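Accompanying notes for the structure given below.
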Amino acid sequence: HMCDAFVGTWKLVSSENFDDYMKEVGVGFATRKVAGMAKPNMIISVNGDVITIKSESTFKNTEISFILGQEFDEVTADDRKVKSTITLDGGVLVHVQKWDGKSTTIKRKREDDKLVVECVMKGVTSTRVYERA
Ligand SMILES: Cc1c(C2CCCC2)nc(N(C)C(C)C)c(-c2nnn[nH]2)c1-c1ccccc1
C-alpha cells in the first residue's frame, strides 16, 4: 500500500550526469550515446507481493518483476547480467545490482508529482526525473 505512490506510467523529463554514470558502470561508447538519447517510460504496477517495473523506449524495453528483499536475476538495458535486490527503505525503492565484484545502487523516490531516480556508481551520481504520462 505505501508502494501505491509509485504505481503508474512515468515519462523521463530530465537527466543529469547520466553519461558519466554510464562510463563509471562500464557502458561502451555506442550504447552510451544511443541510450542517452532515449526518453523512456517507466511503468510500475503491483499485484499482491509482486512489483513489476517496465521500461519502454526506442532503445530497449526492459521488465523486472520482484518481491521486496528477494534477490533475482536481471539483464539490464546495457546488457549486463546482474543479481539484483530491491527493498523499501523509508519510502524509497532501493535497487542494488551486483556483477563481477561491482555494485551500483538505483533509488526511486516520489517527490512532489515526480518520480526521482538517483543512480550511484562509486563516486558518480546521476539524477533522472520522471513525470506522470
Ligand atoms: C541504459 C539504462 C540504465 C543503465 C545505465 C548504466 C547502468 C544502468 N539504467 C537505467 N535506469 C537507471 C533504470 C534502472 C531506472 C535506464 C532507464 N532509464 N529509464 N528507464 N530505464 C537505462 C535506459 C533504458 C532504456 C533507454 C535508455 C536508458
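For the single chain, residues carry numbers from 1 onward in sequence order. Indexing begins at 1, ligand by ligand and atom by atom, following the structure's order.
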Are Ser14 and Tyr130 close enough that a side-chain donor and a side-chain acceptor fall under 3.5 Å?
no
Can you find a side-chain donor-acceptor pair between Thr87 and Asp89 that sits under 3.5 Å?
no
For ligand 1, list all ligand N or O to protein N or O distances below 3.5 Å, rounded to 0.1 Å.
from	atom 1	to	atom 2	distance (Å)
ligand 1	18 (N)	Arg128	NH2	3.1
ligand 1	18 (N)	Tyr130	OH	3.1
ligand 1	19 (N)	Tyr130	OH	2.7
ligand 1	20 (N)	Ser55	OG	2.8
ligand 1	21 (N)	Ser55	OG	3.4

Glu74 and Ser84 have their tightest heavy-atom pair at OE1-OG, 2.7 Å
Stacked cation flag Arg110 on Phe6, 6.0 angstrom / 45 deg
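Pair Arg110/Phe6 does not count as cation-pi.
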Write out all pairs satisfying ring-ring contact (aromatic ring centres under 6.0 Å, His included) with one or both partners inside residues 65-106, taking only residues at least two apart or from two chains.
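Those involving residues 65-106 are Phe66-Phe72.
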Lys33 atom NZ: more than 12 heavy-atom contacts under 6.0 Å
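Yes, because the 6.0 Å sphere around NZ of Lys33 holds more than 12 heavy atoms from other groups.
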